[PDB]
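The structure appears right after this line, and notes come after that.
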Amino acid sequence: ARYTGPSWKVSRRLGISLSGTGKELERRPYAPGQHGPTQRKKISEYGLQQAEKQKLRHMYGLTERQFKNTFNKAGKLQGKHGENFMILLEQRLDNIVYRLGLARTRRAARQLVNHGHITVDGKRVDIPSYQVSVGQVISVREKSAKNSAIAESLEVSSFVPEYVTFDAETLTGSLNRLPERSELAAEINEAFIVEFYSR
Amino acid sequence: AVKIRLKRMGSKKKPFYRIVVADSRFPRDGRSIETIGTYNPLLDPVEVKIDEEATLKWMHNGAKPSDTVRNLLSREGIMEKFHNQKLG
Amino acid sequence: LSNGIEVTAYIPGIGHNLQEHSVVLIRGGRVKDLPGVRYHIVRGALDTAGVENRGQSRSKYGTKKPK
RNA sequence: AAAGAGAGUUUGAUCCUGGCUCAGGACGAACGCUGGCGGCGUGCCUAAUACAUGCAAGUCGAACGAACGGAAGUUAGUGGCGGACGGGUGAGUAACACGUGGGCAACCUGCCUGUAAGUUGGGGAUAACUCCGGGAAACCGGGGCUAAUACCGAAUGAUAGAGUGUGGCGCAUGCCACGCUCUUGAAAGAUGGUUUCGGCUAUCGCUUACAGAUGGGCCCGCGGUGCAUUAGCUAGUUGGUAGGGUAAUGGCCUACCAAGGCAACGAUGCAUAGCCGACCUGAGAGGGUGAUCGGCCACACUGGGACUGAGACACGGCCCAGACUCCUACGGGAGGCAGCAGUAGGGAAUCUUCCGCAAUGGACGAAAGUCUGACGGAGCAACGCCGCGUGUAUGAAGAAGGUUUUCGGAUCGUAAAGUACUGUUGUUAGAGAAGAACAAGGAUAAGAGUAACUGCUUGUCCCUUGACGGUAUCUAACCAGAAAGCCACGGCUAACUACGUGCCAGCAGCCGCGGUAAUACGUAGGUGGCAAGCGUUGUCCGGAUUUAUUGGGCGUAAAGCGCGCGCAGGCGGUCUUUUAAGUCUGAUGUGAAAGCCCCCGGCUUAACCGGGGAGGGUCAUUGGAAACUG
Ligand SMILES: [Mg+2]
Ligand SMILES: [Mg+2]
Ligand SMILES: [Mg+2]
Ligand SMILES: [Mg+2]
Ligand SMILES: [Mg+2]
Ligand SMILES: [Mg+2]
Ligand SMILES: [Mg+2]
Ligand SMILES: [Mg+2]
Ligand SMILES: [Mg+2]
Ligand SMILES: [Mg+2]
Ligand SMILES: [Mg+2]
Ligand SMILES: [Mg+2]
Ligand SMILES: [Mg+2]
Ligand SMILES: [Mg+2]
Ligand SMILES: [Mg+2]
Ligand SMILES: [Mg+2]
Ligand SMILES: [Mg+2]
Ligand SMILES: [Mg+2]
Ligand SMILES: [Mg+2]
Ligand SMILES: [Mg+2]
Ligand SMILES: [Mg+2]
Ligand SMILES: [Mg+2]
Ligand SMILES: [Mg+2]
Ligand SMILES: [Mg+2]
Ligand SMILES: [Mg+2]
Ligand SMILES: [Mg+2]
Ligand SMILES: [Mg+2]
Ligand SMILES: [Mg+2]
Ligand SMILES: [Mg+2]
Ligand SMILES: [Mg+2]
Ligand SMILES: [Mg+2]
Ligand SMILES: [Mg+2]
Ligand SMILES: [Mg+2]
Ligand SMILES: [Mg+2]
Ligand SMILES: [Mg+2]
Ligand SMILES: [Mg+2]
Ligand SMILES: [Mg+2]
Ligand SMILES: [Mg+2]
Ligand SMILES: [Mg+2]
Ligand SMILES: [Mg+2]
Ligand SMILES: [Mg+2]
Ligand SMILES: [Mg+2]
Ligand SMILES: [Mg+2]
Ligand SMILES: [Mg+2]
Ligand SMILES: [Mg+2]
Ligand SMILES: [Mg+2]
Ligand SMILES: [Mg+2]
Ligand SMILES: [Mg+2]
Ligand SMILES: [Mg+2]
Ligand SMILES: [Mg+2]
Ligand SMILES: [Mg+2]
Ligand SMILES: [Mg+2]
Ligand SMILES: [Mg+2]
Ligand SMILES: [Mg+2]
Ligand SMILES: [Mg+2]
Ligand SMILES: [Mg+2]
Ligand SMILES: [Mg+2]
Ligand SMILES: [Mg+2]
Ligand SMILES: [Mg+2]
Ligand SMILES: [Mg+2]
Ligand SMILES: [Mg+2]
Ligand SMILES: [Mg+2]
Ligand SMILES: [Mg+2]
Ligand SMILES: [Mg+2]
Ligand SMILES: [Mg+2]
Ligand SMILES: [Mg+2]
Ligand SMILES: [Mg+2]
Ligand SMILES: [Mg+2]
Ligand SMILES: [Mg+2]
Ligand SMILES: [Mg+2]
Ligand SMILES: [Mg+2]
Ligand SMILES: [Mg+2]
Ligand SMILES: [Mg+2]
Ligand SMILES: [Mg+2]
Ligand SMILES: [Mg+2]
Ligand SMILES: [Mg+2]
């Protein structure tokens, strides 16, 4: 992807169960390193705001320059700023493939999108940062079709989000509607990041 | 003398010409009297949009085209209207 | 200096090799305790050599990475 | 709708005033360690220092005078047009140079378009060439003969000049239209059709005149640097009367008369600087800058002058003087990269002696076409801004190994190994766009003009061509294999332990660390920030309310003249009528294109392009209101 190191360690540092549910923090939920089972100290406002920014950035696994560019682009929309930021971050094609259930995590949908296996409106796209819109259709164009990875990922599914309509019979996915801040992770604080980028 | 040139604009390997009235001497993409259209060579039929009133007046008081500009791009029939107005 | 001005520089790092009549690059800065020294010598620029067996903070002092 | 973050340091501790330092953004950057790819841009900021060498401006045989062919066609010379465009640099310049808004009843305008009259007859001579005279030599004269759309007169023709007559007007000098007498004032032919044998003709050229368009010239209001440890400056200077000169008004110049003019609202003098659209920063007002892109100005080794032309006092033109360089037979000759590449030098620092006229635009030509270092493209450089790689999913109370240990463990860590997948990228083999529509030529159809064709204008059909380049793109097979580093970890500021060292070595932006237990020095383990980058230095804005209009102060912290008389200036009690300078407001014109911002669209997305708007002025003409200031 972009950062190819271990994935449990980053979730242990932040203190949330990103990349799924709890399987990273089942044992030893403390920070990595020789230290970590010792203690933590009073984290200042810089620490708190940086922590929230790392929460968002490491959840979707995108570099900081792209993160700030997406923040600035979201700033132009109407309404709030953090809400629009997370909405645009949800619009990304890489995320939508994960939401439909074609992959397992964020770091597998990225590889499955860059290697051309995903097409939108009948034409391939190799860009994980492509911003999907309403009404476009998402498919596989039998570029892979019947492969072990996709077939396995279609078994473990939980429930797809309400704002995405996925047709497993033809592997055709769509985006029904723009999401709302209620139906996101919500295990973060979107108000902190605006203050962090204000300084 | 006054002519009707193209004034190339766009990116490398992807040109997009305007249609300007200019005094020959001046640079290609330099100062120009007035712009009266565009010209996109890339499309299947070329998309061209020319104002039929300004072009007619400019031809009718001195300005004359330059090969590709108008003189071949006036498939809209501007030169036919000029023909009729000049005889009438 | 090459503009006809004589200044006083400082040699950072542990152990240099430059003697009299040698050519070097200098950069701005200052050493707070030293009275007149108000520039630094760039290490590994023209004839200065990088500090021997320096392991970290190695872009400064001009030491090439070990193999 | 937009709307502003603080922290460390004076004390044994306080609260204030006060400086210093740090946290953000940006580069035409450079240096240090590293370095995979693609798209789009950028690249002598210093010596306006000096040039080895290749190119960067020519073209017409359908305007005219020789050889090869055997009847076409091809170059030296006279002539026509171009060389004043295109390209470069910022030296000079504090001024109508530039920006914005106007005047010109005070002006010029080749080529382009429309219109109205003509294109009638003569003459003399020169280049080329041929001889002689110089010089080995580049480098010049004399004798003789030739053509023109070369040159010079003549016939006819002016809204040009003079003397008028008559109207209609303006803003003072004055402007528009008509008629009368005279005086002056031109031309060129070349390629074709034709009748009938004389001429009569098709375009494209020539001459005169009037309109339009384009391009220029002159004048004016307002606007944008520092210094008063720079106060007087000016003698064609200011005005006037005649004249000269210019396309044009004008002390632009001259002869005479007078003694004026500018200036503390900054004259004059010195220093620095091309100006703008715009760029960086800021909550905004502001502050700093004038790379690239576009508009204007100036310059072309330094200084002066003019010729040719519609246009120049002319980058690759001429004359003279100066410094430098190069040939010389010693009488003399030649040159100007701040055009594209490139060399030396200066510097901390900046690129290839590349391919092509296929696209767009120039010059010449009737046209084919010729020339275009403009331009279209390619090489170099992480110099920037975007994009995605170096894999993915499962996988243990957790192997080996490092580090640490109060010796039970903790950590690196699902990380590895193992099992199952993928080919962005890489390798190979295959295909393989657009950018190209013309110009020319050949067919018909219709119009204007003609006595009739040839031809001209317009429409409809054939007709062939790419530097980039086998580049963009696409298909199929193969292997997780080739593809991560830099800085920091005492506080500000996110992230701690072990060994060595012993006020030494050293670190450092500030507070400050090091004197045998150092989270601050050096290494190691792991941790944090960013990632084909990461740091340091230099410069600018911020935070700095630290020049405070928005937005500060003067009893004791820096800061009230020792006090009065007062010119200029600043401000001014109550009411009525009036004006319309300030003030508010409607309309018209403009404030170019690109750039910032709003809305759509096209490149697989994004940077990047395109289409449509808005915004920006103490801006001009004109019409309103009369509360406040005048
Ligand atoms: Mg380390
Ligand atoms: Mg004190
Ligand atoms: Mg800074
Ligand atoms: Mg490399
Ligand atoms: Mg290497
Ligand atoms: Mg220069
Ligand atoms: Mg010929
Ligand atoms: Mg010839
Ligand atoms: Mg020129
Ligand atoms: Mg020029
Ligand atoms: Mg240019
Ligand atoms: Mg300039
Ligand atoms: Mg004419
Ligand atoms: Mg004769
Ligand atoms: Mg002779
Ligand atoms: Mg003769
Ligand atoms: Mg005559
Ligand atoms: Mg007259
Ligand atoms: Mg009268
Ligand atoms: Mg005949
Ligand atoms: Mg006949
Ligand atoms: Mg006079
Ligand atoms: Mg002055
Ligand atoms: Mg100077
Ligand atoms: Mg200067
Ligand atoms: Mg800039
Ligand atoms: Mg910029
Ligand atoms: Mg700002
Ligand atoms: Mg401020
Ligand atoms: Mg500059
Ligand atoms: Mg420059
Ligand atoms: Mg240039
Ligand atoms: Mg020079
Ligand atoms: Mg002349
Ligand atoms: Mg010239
Ligand atoms: Mg030259
Ligand atoms: Mg050059
Ligand atoms: Mg060479
Ligand atoms: Mg060199
Ligand atoms: Mg040097
Ligand atoms: Mg060409
Ligand atoms: Mg040809
Ligand atoms: Mg040539
Ligand atoms: Mg170019
Ligand atoms: Mg570098
Ligand atoms: Mg560079
Ligand atoms: Mg994995
Ligand atoms: Mg265990
Ligand atoms: Mg071990
Ligand atoms: Mg491939
Ligand atoms: Mg075609
Ligand atoms: Mg034709
Ligand atoms: Mg015929
Ligand atoms: Mg494989
Ligand atoms: Mg901390
Ligand atoms: Mg250090
Ligand atoms: Mg520190
Ligand atoms: Mg790390
Ligand atoms: Mg990290
Ligand atoms: Mg990147
Ligand atoms: Mg600066
Ligand atoms: Mg301030
Ligand atoms: Mg104060
Ligand atoms: Mg005091
Ligand atoms: Mg007193
Ligand atoms: Mg005082
Ligand atoms: Mg007093
Ligand atoms: Mg008074
Ligand atoms: Mg307006
Ligand atoms: Mg504009
Ligand atoms: Mg789009
Ligand atoms: Mg644009
Ligand atoms: Mg636009
Ligand atoms: Mg408007
Ligand atoms: Mg009143
Ligand atoms: Mg009054």
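Protein chains in written order, with the authors' numbering: chain d, 2 to 200; chain p, 2 to 89; chain l, 70 to 136.
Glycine included, each C-beta is placed from N, C-alpha and C at the ideal position.
- DSSP, read as helix, strand or coil, puts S199/d in helix.
- Between ligand 56 and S126/l, a heavy atom-to-CB distance of less than 8 Å is present.
- Excluding its 5 nearest sequence neighbours in each direction, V121/d has C-beta neighbours in its own chain below 6 Å: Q137 and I139, listed in chain order.
- Secondary structure of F17/p (DSSP, three-state): strand.
- Assigned with DSSP and collapsed to three states, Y61/d falls in helix.
- Per DSSP, reduced to three states, the secondary structure at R127/l is coil, with no helix or strand assignment.
- Burial is judged here by how many other beta carbons sit within 10 angstroms of a residue's own beta carbon; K54/d has at least 16 and is buried.
- Along the length of the region 105-140 of chain d, whole beta strand (DSSP E) runs at least 3 residues long occupy 138-140, reported in chain order.
- Within a 10 Å sphere around the beta-carbon of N96/d sit 16 or more other beta-carbons, which makes this residue buried.
- Sixteen is the threshold: since fewer than 16 other Cβ atoms of the shown chains lie within 10 Å of the Cβ of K13/p, the residue is exposed.
- In the structure shown, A23/p falls within a strand segment according to DSSP collapsed to helix, strand and coil.
- Shortest Cα-Cα distance from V161/d to any of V98/d, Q92/d, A150/d and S145/d involves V98/d.
- Taking C-beta separations shorter than 7 Å and ignoring five residues to either side along the sequence, the partners of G119/l in its chain run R112, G113, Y130, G131, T132 and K133, following chain order.
- Per the DSSP secondary-structure output, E48/p pairs in a beta bridge with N41/p.
- Boundaries of the beta strand (DSSP E) harbouring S12/p: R9 to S12, taken from the DSSP string.
- Beta-bridge pairing by DSSP links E35/p to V22/p.
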